[PDB]
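Undergrad: Read top to bottom, the protein sequences are chains A and B. Read the first sequence against full-length UniProt numbering and you will find it ends at 759, with the numbers running on by one and no gaps. Read the second sequence against full-length UniProt numbering and you will find it ends at 39, with the numbers running on by one and no gaps. Ideal placement from N, C-alpha and C gives every residue a C-beta, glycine not left out.
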Amino acid sequence: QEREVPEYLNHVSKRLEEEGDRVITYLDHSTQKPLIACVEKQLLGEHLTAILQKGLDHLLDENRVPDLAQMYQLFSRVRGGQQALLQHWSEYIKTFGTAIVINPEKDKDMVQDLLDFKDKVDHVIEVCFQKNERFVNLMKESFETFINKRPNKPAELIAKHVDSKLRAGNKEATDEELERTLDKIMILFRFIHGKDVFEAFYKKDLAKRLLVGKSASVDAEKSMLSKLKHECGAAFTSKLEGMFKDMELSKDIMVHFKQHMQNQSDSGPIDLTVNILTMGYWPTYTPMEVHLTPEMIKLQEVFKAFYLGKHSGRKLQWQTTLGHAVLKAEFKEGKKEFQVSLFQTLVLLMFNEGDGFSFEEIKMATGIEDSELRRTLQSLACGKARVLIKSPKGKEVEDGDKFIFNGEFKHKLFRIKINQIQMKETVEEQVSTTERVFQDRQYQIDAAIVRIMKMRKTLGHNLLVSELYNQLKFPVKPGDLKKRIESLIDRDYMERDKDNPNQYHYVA
Amino acid sequence: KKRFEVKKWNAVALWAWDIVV
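(1) Determine whether the Cβ of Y720(A) lies closer than 9 Å to any Cβ atom of chain B.
(2) Mind pulling the chain A residues with CB within less than 8 Å of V39(B)?
(3) Under a Cβ-count criterion, where at least 16 other Cβ atoms within 10 Å of its own Cβ denotes burial, should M475(A) be classed as buried or exposed?
(4) Please name the residue in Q693(A), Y694(A), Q570(A), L715(A) whose C-alpha comes closest to that of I703(A).
(5) Measuring CB to CB, does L479(A) end up less than 9 Å from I409(A)?
(6) Indicate the three-state DSSP secondary structure (helix, strand or coil) for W35(B) in the structure shown.
(7) Can you check the region 296 to 340 of chain A for any alpha helix (DSSP H) of at least 4 residues that lies completely inside it and give the ranges in chain order?
(8) In the DSSP assignment, what residue or residues form a beta bridge with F589(A)?
(9) Return no unless some Cβ of chain B is closer than 9 Å to the Cβ of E581(A).
(10) Just to confirm, are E482(A) and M437(A) a CB contact at a threshold of 9 Å?
(11) The beta strand (DSSP E) with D748(A) in it runs from where to where?
(12) Identify each residue in the region 636 to 657 of chain A for which the Cβ-Cβ distance to at least one residue of chain B is less than 9 Å, and report them in chain order.
(13) Could you tell me whether the region 593 to 601 of chain A touches the region 642 to 649 of chain A, where touching means 3 or more Cβ pairs closer than 8 Å?
(14) Tell me, please, whether the CB atom of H575(A) is closer than 9 Å to any CB atom in chain B?
(15) As an exercise, report each continuous alpha helix (DSSP H) stretch of at least 4 residues that is fully enclosed by the region 417 to 446 of chain A, in chain order.
(16) For chain B, check one thing: does any of its Cβ atoms lie closer than 9 Å to the Cβ of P405(A)?
(17) Comparing alpha-carbon positions, which option in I351(A), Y558(A), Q333(A) lies nearest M505(A)?
(18) Using a Cβ-Cβ cut-off of 9 Å, state whether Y536(A) counts as contacting chain B.
(19) Quick one: Cα of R21(B) to Cα of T571(A), how far?
(20) Please compile the residues from chain B whose C-beta is within a distance smaller than 9 Å of the C-beta of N399(A).
(21) Is it true that the region 357 to 364 of chain A meets the region 327 to 340 of chain A, where meeting means three or more beta-carbon pairs spaced less than 8 Å apart?
(22) Indicate whether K26(B) and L578(A) have their beta-carbon atoms separated by less than 9 Å.
(23) Are the beta-carbon atoms belonging to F610(A) and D650(A) less than 9 Å from one another?
(24) Is the shortest distance between the beta-carbon of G564(A) and the beta-carbons of chain B less than 9 Å?
(25) Just to confirm my understanding: we take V263(A), look at its own chain, exclude 5 residues before and 5 after, and list those with CB closer than 8 Å. What are they?
(26) Give the C-beta separation of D414(A) and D367(A) to the nearest angstrom, bearing in mind that I take them to be a contact with Cβ-Cβ under 8 Å.
(27) Output, in chain order, the set of chain B residues within a Cβ distance shorter than 8 Å of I672(A).
(28) Between the beta-carbon of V24(B) and the beta-carbon of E546(A), is there less than 9 Å?
(29) So is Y744(A) in contact with chain B if we call contact Cβ pairs under 9 Å?
(30) Rounded to whole angstroms, what's the CA-CA distance from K728(A) to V701(A)? Just pull it up for me.
(31) Note down, in chain order, each residue of its chain lying with its Cβ closer than 7 Å to the Cβ of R626(A), except the 5 sequence neighbours on either side.
(32) Going along the region 508 to 529 of chain A in order, which residues come within less than 8 Å of chain B, judged by CB to CB distance?
(33) According to DSSP, what are the bridge partners of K653(A)?
(34) Any beta-carbon of chain B closer than 9 Å to the one on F689(A)?
(35) Comparing the C-beta of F495(A) with each C-beta of chain B, is any distance below 9 Å?
(36) Mind checking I275(A): buried by the 16 CB within 10 Å criterion, or exposed?
In structure tokens, the structure reads:
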């Protein structure tokens with residue numbers, strides 16, 4: 252009640268260490284153990300909360316690994332002080348994890364902080380708790396109890412950060428670290444719940460990663476398929492391996508077509524490339540109304556011709572906007588090459604035939620929807636206008652864009668890769684990619700509950716929730732439980748047993 | 019020949035079903 256909690260802890264440490272040698276020289280061994288028992292009651296006995304809540308969490312936040320190990324000793328010797336240690340420090344885990352994801356204004360940085368708290372608690376176990384396992388039990392319990400509460404802020408932020416770690420830079424060439432931080436991704440986000448939204452978003456992420464730019468590594472994606480195969484269903488990693496098999500099918504079609512133009516001897520500059528896919532293992536894509544230069548339409552018909560062979564049973568529903576393409580660009584003061592997107596490639600295709608178009612037939616002769624075309628003009632316009640030049644300036648954009656293509660263009664590099672768009676995405680794009688999972692759980696829980704009542708006739712709702720939580724990779728809301736109860740009654744697999752929702756039957 | 023001379027068009031797309039449900 253005079254010194255600080257760490258000061259009193261060091262005093263207790265040294266004062267207990269005093270009482271040994273008293274016996275060692277002169278006092279009695281058989282009263283050494285009564286002496287330490289009494290003294291440890293006098294110092295540490297009956298003070299296992301006012302030392303061990305604040306002065307625990309205070310010196311954990313200060314993270315003095317010497318005194319944390321000291322109190323670990325000083326409360327692993329004592330009568331039961333490690334129980335107070337486990338409870339106070341585990342509540343400390345829950346709250347000091349909870350100081351991340353419940354913050355809706357602070358979603359720009361969540362994943363790195365989660366990695367940080369994971370790292371800190373791991374280090375406090377491995378030295379400050381000296382690889383005891385009770386602490387690990389409280390850790391995992393506390394983490395899962397925490398993240399059952401917010402499922403679909405983290406898994407989406409986590410998916411974006413997983414994709415961010417799946418980028419090809421010049422800074423990283425040791426994928427071993429990215430293997431190790433990938434191991435931390437798997438282990439740490441096994442605490443994070445709602446994995447179906449992460450799963451579908453990772454379909455979106457491999458789409459946005461292959462379709463523009465290039466991945467961090469081949470073995471990185473292979474290791475992720477093998478790792479995410481674990482901890483989820485074995486029919487939950489059928490689509491991803493289907494992605495890479497469909498990519499190999501498209502490459503084999505590429506080899507076949509290149510061999511079939513080996514005797515036609517292409518020397519022309521105009522290229523067509525379609526990597527074709529099936530809708531069972533990929534994100535779904537529906538064509539949107541867009542306008543194509545008629546030679547591209549000729550290439551579409553060529554694509555039909557080479558499409559109709561090789562496992563016929565095939566019928567066109569084409570996409571002609573989702574790729575990125577390399578293009579040479581005429582300007583004054585040099586001819587450099589652009590790596591750009593099809594939304595912008597059509598823009599640049601019209602800025603060959605003339606300079607002087609306006610947003611009316613830029614809206615029309617592209618055909619591009621408003622949501623895509625605004626963000627198309629947020630790249631290389633709304634700033635840095637030396638290729639396209641848009642009459643509204645700044646973040647605010649009005650419907651009056653007047654364009655005259657610029658002769659002037661300056662940069663110090665070749666292969667001018669100015670392409671945010673397809674390695675970016677919009678808010679309602681993310682929201683819609685979430686709703687394609689929201690009322691997609693419907694058939695999942697439908698199948699699960701029809702199988703349950705086909706297995707056990709009576710099951711209260713507080714047990715249906717637990718069987719579903721056992722079975723599924725995401726947490727099911729109480730609203731969705733009412734939703735499936737009512738729809739099962741609509742399709743005659745439930746009857747309310749005893750005229751209340753307490754129990755049910757499988758009678759129609 | 020043009021202000022962008024066409025060197026590469028590349029696309030990703032889906033091959034679709036053709037059997038009755």
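TA: Concretely, from the data shown:
(1) No, no contact with chain B.
(2) Those within 8 Å of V39(B) in chain A number zero; the least Cβ separation is about 14 Å.
(3) buried
(4) Closest option to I703(A), Cα to Cα, is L715(A).
(5) Inclusion of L479(A) and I409(A) in the CB contact set at 9 Å is not warranted, their separation being larger than that value.
(6) coil
(7) Look at the region 296 to 340 of chain A and you find these whole runs of alpha helix (DSSP H), each 4 residues long or longer: 305 to 312, 316 to 325.
(8) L578(A), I667(A)
(9) yes
(10) yes
(11) From DSSP, the beta strand (DSSP E) with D748(A) extends over 746 to 748.
(12) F656
(13) no
(14) yes
(15) 426 to 440
(16) no
(17) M505(A) has its Cα closest to that of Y558(A), out of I351(A), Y558(A), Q333(A).
(18) Closer than 9 Å: yes.
(19) Rounded to the nearest angstrom, the gap between the Cα atoms of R21(B) and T571(A) is 21 Å.
(20) In chain order: nothing, as chain B lies at least about 36 Å away.
(21) no
(22) yes
(23) Here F610(A) is near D650(A), since their CB atoms are less than 9 Å apart.
(24) yes
(25) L294, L295, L325
(26) Wrong, their Cβ atoms sit about 20 Å apart, outside the cutoff.
(27) None at all; the shortest Cβ gap to chain B is about 15 Å.
(28) yes
(29) no
(30) 18 Å
(31) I672, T677
(32) Residues of the region 508 to 529 of chain A with a C-beta atom less than 8 Å from some C-beta of chain B are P520, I521, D522, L523, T524, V525, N526, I527, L528, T529, listed in chain order.
(33) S609(A)
(34) no
(35) no
(36) exposed
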